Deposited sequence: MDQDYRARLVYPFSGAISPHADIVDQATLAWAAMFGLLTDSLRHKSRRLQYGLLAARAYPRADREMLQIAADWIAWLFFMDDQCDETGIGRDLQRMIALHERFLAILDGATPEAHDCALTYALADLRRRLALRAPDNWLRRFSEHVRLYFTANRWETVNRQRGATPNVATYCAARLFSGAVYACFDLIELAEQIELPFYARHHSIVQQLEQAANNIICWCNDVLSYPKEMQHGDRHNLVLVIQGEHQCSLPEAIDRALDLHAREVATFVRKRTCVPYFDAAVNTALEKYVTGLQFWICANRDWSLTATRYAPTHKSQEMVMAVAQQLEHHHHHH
(Lines of atoms letter the chains of each structure in order from A and count residues from 1; the text may use other names and numbers.)
(Lines give C-alpha, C1' and ligand atoms only; values in the text may rest on other atoms or scores of the structure.)
Protein backbone atom coordinates (compact mmCIF):
# COMPACT_ATOMS: atom_id res chain seq x y z
CA UNK A 1 0.00 0.00 0.00
CA UNK A 2 2.84 2.43 1.06
CA UNK A 3 4.68 1.66 -2.26
CA UNK A 4 1.71 3.26 -4.20
CA UNK A 5 2.58 6.78 -2.80
CA UNK A 6 4.47 7.73 -6.04
CA UNK A 7 5.02 10.97 -8.11
CA UNK A 8 6.33 11.54 -11.69
CA UNK A 9 8.79 14.14 -10.22
CA UNK A 10 11.48 13.83 -7.47
CA UNK A 11 12.54 16.05 -4.53
CA UNK A 12 15.85 17.33 -3.07
CA UNK A 13 17.32 17.94 0.45
CA UNK A 14 19.28 20.99 1.78
CA UNK A 15 22.99 20.16 2.33
CA UNK A 16 22.44 21.77 5.84
CA UNK A 17 19.73 19.18 6.83
CA UNK A 18 21.42 17.68 9.99
CA UNK A 19 22.76 21.07 11.35
CA UNK A 20 19.13 22.44 11.07
CA UNK A 21 17.55 19.29 12.68
CA UNK A 22 20.03 19.63 15.65
CA UNK A 23 19.29 23.43 15.96
CA UNK A 24 15.49 22.59 15.91
CA UNK A 25 15.99 20.10 18.84
CA UNK A 26 18.13 22.87 20.52
CA UNK A 27 15.36 25.50 19.83
CA UNK A 28 12.57 23.18 21.21
CA UNK A 29 14.72 22.63 24.39
CA UNK A 30 15.33 26.43 24.84
CA UNK A 31 11.53 27.20 24.74
CA UNK A 32 10.76 24.05 26.85
CA UNK A 33 8.80 22.00 24.23
CA UNK A 34 13.35 10.41 17.17
CA UNK A 35 11.52 13.52 15.81
CA UNK A 36 13.67 14.59 12.77
CA UNK A 37 11.42 17.67 12.04
CA UNK A 38 14.47 19.51 10.54
CA UNK A 39 14.83 16.65 7.96
CA UNK A 40 11.22 17.38 6.79
CA UNK A 41 12.03 21.15 6.51
CA UNK A 42 15.38 20.39 4.72
CA UNK A 43 13.44 18.40 2.02
CA UNK A 44 10.48 20.89 1.85
CA UNK A 45 12.76 23.98 1.26
CA UNK A 46 15.93 22.36 -0.20
CA UNK A 47 17.36 25.52 -1.93
CA UNK A 48 16.63 27.82 1.10
CA UNK A 49 19.54 29.71 2.81
CA UNK A 50 20.42 28.37 6.33
CA UNK A 51 18.74 31.34 8.17
CA UNK A 52 15.36 30.92 6.32
CA UNK A 53 15.49 27.04 6.48
CA UNK A 54 15.94 27.26 10.32
CA UNK A 55 12.75 29.44 10.69
CA UNK A 56 10.84 26.89 8.50
CA UNK A 57 12.22 23.91 10.55
CA UNK A 58 11.28 25.63 13.89
CA UNK A 59 7.76 26.45 12.47
CA UNK A 60 7.28 22.76 11.37
CA UNK A 61 8.48 21.60 14.87
CA UNK A 62 5.91 24.01 16.45
CA UNK A 63 3.02 22.45 14.40
CA UNK A 64 4.02 18.87 15.50
CA UNK A 65 4.44 20.03 19.18
CA UNK A 66 1.00 21.77 18.89
CA UNK A 67 -0.62 18.59 17.36
CA UNK A 68 1.02 16.43 20.14
CA UNK A 69 0.30 18.81 23.13
CA UNK A 70 -3.47 19.17 22.25
CA UNK A 71 -3.98 15.43 23.20
CA UNK A 72 -12.26 20.40 25.41
CA UNK A 73 -13.40 23.33 23.15
CA UNK A 74 -13.51 26.14 25.82
CA UNK A 75 -9.75 25.54 26.58
CA UNK A 76 -8.94 25.42 22.79
CA UNK A 77 -10.89 28.68 21.96
CA UNK A 78 -8.94 30.50 24.78
CA UNK A 79 -5.48 29.32 23.48
CA UNK A 80 -6.22 30.15 19.76
CA UNK A 81 -7.37 33.75 20.66
CA UNK A 82 -3.90 34.56 22.13
CA UNK A 83 -1.82 32.72 19.42
CA UNK A 84 -3.50 35.09 16.86
CA UNK A 85 -2.71 38.16 19.09
CA UNK A 86 0.97 36.93 19.03
CA UNK A 87 0.72 36.42 15.19
CA UNK A 88 -0.64 40.03 14.74
CA UNK A 89 2.13 41.17 17.17
CA UNK A 90 1.04 41.00 20.88
CA UNK A 91 3.98 40.72 23.40
CA UNK A 92 4.22 37.30 25.17
CA UNK A 93 3.32 38.44 28.77
CA UNK A 94 3.80 36.29 31.95
CA UNK A 95 1.63 33.10 32.38
CA UNK A 96 1.69 32.51 28.54
CA UNK A 97 2.14 28.83 27.44
CA UNK A 98 5.61 27.62 26.22
CA UNK A 99 4.06 27.28 22.68
CA UNK A 100 2.90 30.97 22.82
CA UNK A 101 6.52 32.15 23.56
CA UNK A 102 7.83 29.80 20.78
CA UNK A 103 5.23 31.21 18.28
CA UNK A 104 6.24 34.79 19.37
CA UNK A 105 9.90 33.96 18.43
CA UNK A 106 8.85 32.55 14.98
CA UNK A 107 6.68 35.69 14.25
CA UNK A 108 9.62 37.94 15.40
CA UNK A 109 12.13 36.13 13.07
CA UNK A 110 9.63 36.06 10.09
CA UNK A 111 8.95 39.85 10.57
CA UNK A 112 12.74 40.41 9.96
CA UNK A 113 12.47 38.44 6.64
CA UNK A 114 8.97 39.26 5.17
CA UNK A 115 6.76 42.35 4.48
CA UNK A 116 3.49 43.15 6.40
CA UNK A 117 1.55 41.94 3.27
CA UNK A 118 3.16 38.44 3.69
CA UNK A 119 2.65 38.35 7.53
CA UNK A 120 -1.13 39.01 6.95
CA UNK A 121 -1.42 36.10 4.40
CA UNK A 122 0.54 33.72 6.74
CA UNK A 123 -1.61 34.87 9.76
CA UNK A 124 -4.90 34.26 7.84
CA UNK A 125 -3.71 30.72 6.83
CA UNK A 126 -2.81 30.07 10.53
CA UNK A 127 -6.28 31.42 11.65
CA UNK A 128 -8.05 28.98 9.22
CA UNK A 129 -5.82 26.16 10.67
CA UNK A 130 -7.08 27.01 14.24
CA UNK A 131 -10.74 27.29 13.00
CA UNK A 132 -10.44 23.84 11.28
CA UNK A 133 -8.87 22.33 14.49
CA UNK A 134 -11.79 23.67 16.69
CA UNK A 135 -14.24 22.20 14.07
CA UNK A 136 -12.50 18.74 14.19
CA UNK A 137 -12.46 18.91 18.07
CA UNK A 138 -16.29 19.55 18.21
CA UNK A 139 -16.88 16.59 15.78
CA UNK A 140 -14.70 14.34 18.07
CA UNK A 141 -16.54 15.21 21.36
CA UNK A 142 -20.02 15.28 19.67
CA UNK A 143 -19.11 12.00 17.83
CA UNK A 144 -19.93 13.70 14.46
CA UNK A 145 -19.31 11.62 11.27
CA UNK A 146 -18.36 13.95 8.35
CA UNK A 147 -18.68 12.46 4.79
CA UNK A 148 -15.61 12.30 2.43
CA UNK A 149 -16.50 15.64 0.68
CA UNK A 150 -16.78 17.50 4.08
CA UNK A 151 -13.62 15.84 5.56
CA UNK A 152 -11.43 16.60 2.46
CA UNK A 153 -12.69 20.26 2.28
CA UNK A 154 -11.85 20.75 6.04
CA UNK A 155 -8.56 18.74 5.80
CA UNK A 156 -7.11 21.44 3.42
CA UNK A 157 -7.08 23.86 6.45
CA UNK A 158 -6.66 21.41 9.45
CA UNK A 159 -3.19 20.30 8.16
CA UNK A 160 -1.81 23.92 8.01
CA UNK A 161 -0.13 23.06 4.63
CA UNK A 162 -1.12 26.54 3.21
CA UNK A 163 0.84 28.29 6.04
CA UNK A 164 3.88 26.11 5.04
CA UNK A 165 3.34 27.03 1.31
CA UNK A 166 3.59 30.76 2.31
CA UNK A 167 7.24 30.08 3.42
CA UNK A 168 8.06 28.91 -0.19
CA UNK A 169 8.10 32.64 -1.28
CA UNK A 170 10.64 33.46 1.52
CA UNK A 171 12.74 30.26 0.89
CA UNK A 172 12.89 31.06 -2.89
CA UNK A 173 13.15 34.89 -2.30
CA UNK A 174 10.36 35.55 -4.90
CA UNK A 175 7.58 38.22 -4.93
CA UNK A 176 4.27 37.43 -6.75
CA UNK A 177 1.83 40.25 -7.66
CA UNK A 178 -1.74 39.92 -6.19
CA UNK A 179 -3.16 38.92 -9.65
CA UNK A 180 -0.63 36.02 -10.07
CA UNK A 181 -0.81 34.79 -6.40
CA UNK A 182 -4.66 34.50 -6.59
CA UNK A 183 -4.93 33.23 -10.24
CA UNK A 184 -7.41 30.27 -10.42
CA UNK A 185 -4.73 27.81 -11.78
CA UNK A 186 -2.17 28.83 -9.06
CA UNK A 187 -4.93 28.26 -6.40
CA UNK A 188 -5.87 24.89 -8.04
CA UNK A 189 -2.15 23.78 -8.01
CA UNK A 190 -1.93 24.76 -4.26
CA UNK A 191 -5.19 22.80 -3.55
CA UNK A 192 -3.87 19.74 -5.49
CA UNK A 193 -0.47 19.82 -3.66
CA UNK A 194 -2.27 20.25 -0.26
CA UNK A 195 -4.70 17.31 -0.95
CA UNK A 196 -1.75 15.07 -2.11
CA UNK A 197 0.27 15.90 1.09
CA UNK A 198 -2.79 15.36 3.42
CA UNK A 199 -4.00 12.09 1.73
CA UNK A 200 -0.40 10.70 1.69
CA UNK A 201 -0.26 11.48 5.49
CA UNK A 202 -3.74 9.87 6.06
CA UNK A 203 -2.72 6.55 4.34
CA UNK A 204 0.49 6.43 6.52
CA UNK A 205 -1.06 7.67 9.86
CA UNK A 206 -4.44 5.74 9.92
CA UNK A 207 -3.02 3.00 12.27
CA UNK A 208 -1.78 5.76 14.71
CA UNK A 209 -5.15 7.65 14.58
CA UNK A 210 -7.27 4.40 14.95
CA UNK A 211 -5.29 3.52 18.17
CA UNK A 212 -6.11 6.99 19.70
CA UNK A 213 -9.84 6.94 18.66
CA UNK A 214 -9.40 9.64 15.93
CA UNK A 215 -11.48 9.22 12.69
CA UNK A 216 -10.35 12.49 10.92
CA UNK A 217 -8.42 10.44 8.29
CA UNK A 218 -9.38 9.83 4.59
CA UNK A 219 -9.11 5.97 4.93
CA UNK A 220 -11.32 6.02 8.11
CA UNK A 221 -13.91 8.52 6.62
CA UNK A 222 -14.07 6.47 3.31
CA UNK A 223 -14.56 3.25 5.41
CA UNK A 224 -17.57 4.87 7.22
CA UNK A 225 -19.15 6.35 4.01
CA UNK A 226 -18.90 3.18 1.78
CA UNK A 227 -19.47 0.69 4.71
CA UNK A 228 -16.47 -1.25 3.22
CA UNK A 229 -13.33 -3.13 4.49
CA UNK A 230 -10.03 -1.40 5.55
CA UNK A 231 -8.13 -2.70 2.44
CA UNK A 232 -10.88 -1.28 0.09
CA UNK A 233 -10.88 2.05 2.06
CA UNK A 234 -7.02 2.20 1.62
CA UNK A 235 -7.40 1.31 -2.14
CA UNK A 236 -10.04 4.13 -2.55
CA UNK A 237 -7.76 6.63 -0.67
CA UNK A 238 -4.71 5.77 -2.91
CA UNK A 239 -6.95 6.11 -6.07
CA UNK A 240 -7.84 9.70 -4.91
CA UNK A 241 -4.08 10.39 -4.22
CA UNK A 242 -3.17 9.02 -7.73
CA UNK A 243 -5.98 11.13 -9.36
CA UNK A 244 -4.84 14.33 -7.49
CA UNK A 245 -1.18 13.79 -8.68
CA UNK A 246 -2.51 13.45 -12.31
CA UNK A 247 -4.52 16.73 -11.74
CA UNK A 248 -1.43 18.63 -10.36
CA UNK A 249 0.77 17.47 -13.33
CA UNK A 250 -1.96 18.43 -15.92
CA UNK A 251 -2.68 21.92 -14.39
CA UNK A 252 1.11 22.74 -14.26
CA UNK A 253 0.90 23.51 -18.06
CA UNK A 254 -2.31 25.69 -17.64
CA UNK A 255 -0.48 28.64 -15.88
CA UNK A 256 -1.10 31.73 -18.10
CA UNK A 257 1.81 33.82 -19.51
CA UNK A 258 1.79 37.12 -17.49
CA UNK A 259 5.39 38.27 -18.31
CA UNK A 260 9.00 36.89 -18.14
CA UNK A 261 9.67 38.02 -14.50
CA UNK A 262 6.25 36.94 -13.03
CA UNK A 263 6.29 33.53 -14.86
CA UNK A 264 9.94 32.86 -13.72
CA UNK A 265 8.79 33.40 -10.06
CA UNK A 266 5.62 31.26 -10.69
CA UNK A 267 7.80 28.39 -12.12
CA UNK A 268 9.97 28.59 -8.91
CA UNK A 269 6.79 28.61 -6.70
CA UNK A 270 5.27 25.52 -8.49
CA UNK A 271 8.73 23.78 -8.28
CA UNK A 272 8.45 24.62 -4.52
CA UNK A 273 5.01 22.86 -4.36
CA UNK A 274 6.67 19.76 -5.98
CA UNK A 275 9.57 19.89 -3.41
CA UNK A 276 6.91 19.91 -0.60
CA UNK A 277 4.89 16.96 -2.10
CA UNK A 278 8.12 14.82 -2.35
CA UNK A 279 9.42 16.04 1.09
CA UNK A 280 6.15 14.93 2.82
CA UNK A 281 6.29 11.40 1.23
CA UNK A 282 10.12 10.90 1.50
CA UNK A 283 10.14 12.07 5.19
CA UNK A 284 6.91 10.26 6.33
CA UNK A 285 7.99 6.83 4.84
CA UNK A 286 11.07 6.82 7.22
CA UNK A 287 9.52 8.73 10.21
CA UNK A 288 9.26 6.99 13.66
CA UNK A 289 5.85 8.82 13.85
CA UNK A 290 4.13 6.41 11.34
CA UNK A 291 6.08 3.18 12.27
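From the N-terminus onward, what segments of the deposited sequence lack any C-alpha atom in this model?
Since the structure holds only modelled residues, the stretches it omits are 1-4, 38-47, 86-91, 312-334.
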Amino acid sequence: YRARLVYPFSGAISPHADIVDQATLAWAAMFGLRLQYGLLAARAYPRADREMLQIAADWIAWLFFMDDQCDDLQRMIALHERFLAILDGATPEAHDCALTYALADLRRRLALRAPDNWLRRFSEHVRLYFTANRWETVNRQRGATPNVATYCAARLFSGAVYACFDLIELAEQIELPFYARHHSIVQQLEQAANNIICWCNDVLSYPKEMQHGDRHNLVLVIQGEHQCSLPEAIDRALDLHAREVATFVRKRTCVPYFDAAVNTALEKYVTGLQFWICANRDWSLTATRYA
From here on, numbers count along this sequence of modelled residues.
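Rigid core (definition): largest C-alpha set, two forms, superposition within 1.5 Å.
Any chance you could tell me whether 137-145 or 200-208 drifts more in 5 other deposited structures of this protein, judged by RMS CA distance from this form after superposing on the core?
Stretch with the larger root mean square C-alpha distance in 5 other deposited structures of this protein: 137-145.
Quick one: core-superposed, which stretch strays further from the shown model in 5 other deposited structures of this protein, 168-176 or 77-85? Go by RMS C-alpha distance.
The stretch that sits farther from the shown form in 5 other deposited structures of this protein is 77-85.
Comparing 150-158 with 99-107, which stretch shows the greater average C-alpha B-factor in the deposited entry?
Higher mean C-alpha B-factor in the PDB entry: 99-107.
Do the CA atoms of 86-94 or those of 164-172 have the higher mean B-factor in the entry?
Comparing 86-94 with 164-172, the higher mean C-alpha B-factor belongs to 86-94.
At the C-alpha atoms, which of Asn201, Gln191, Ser184, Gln141 reaches the highest B-factor in this entry?
Across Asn201, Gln191, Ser184, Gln141, the entry lists the biggest C-alpha B-factor for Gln141.
Out of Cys254, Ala56, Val245, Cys70, whose C-alpha atom has the biggest B factor in the entry?
So the option with the highest C-alpha B-factor is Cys70.
Please say which third, lowest, middle or highest, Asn217 falls into when its CA temperature factor is compared across its chain.
Answer is middle: the recorded C-alpha B-factor places it there.
What third of its chain's C-alpha B-factors does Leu33 belong to: lowest, middle or highest?
CA B-factor rank for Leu33: highest third.
Lowest, middle or highest third: where is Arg43 by C-alpha B factor in its chain?
According to the entry, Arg43 has a C-alpha B-factor in the chain's lowest third.
Ranking the modelled residues of this chain by C-alpha B-factor as given in the entry, is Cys228 in the lowest, middle or highest third?
Ranked within chain, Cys228 CA B lands in the highest tercile.
Once the chain's modelled residues are ordered by C-alpha B factor and cut into thirds, is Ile197 in the lowest, middle or highest one?
Its C-alpha B-factor, which the entry lists for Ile197, ranks in the lowest third among residues of this chain.
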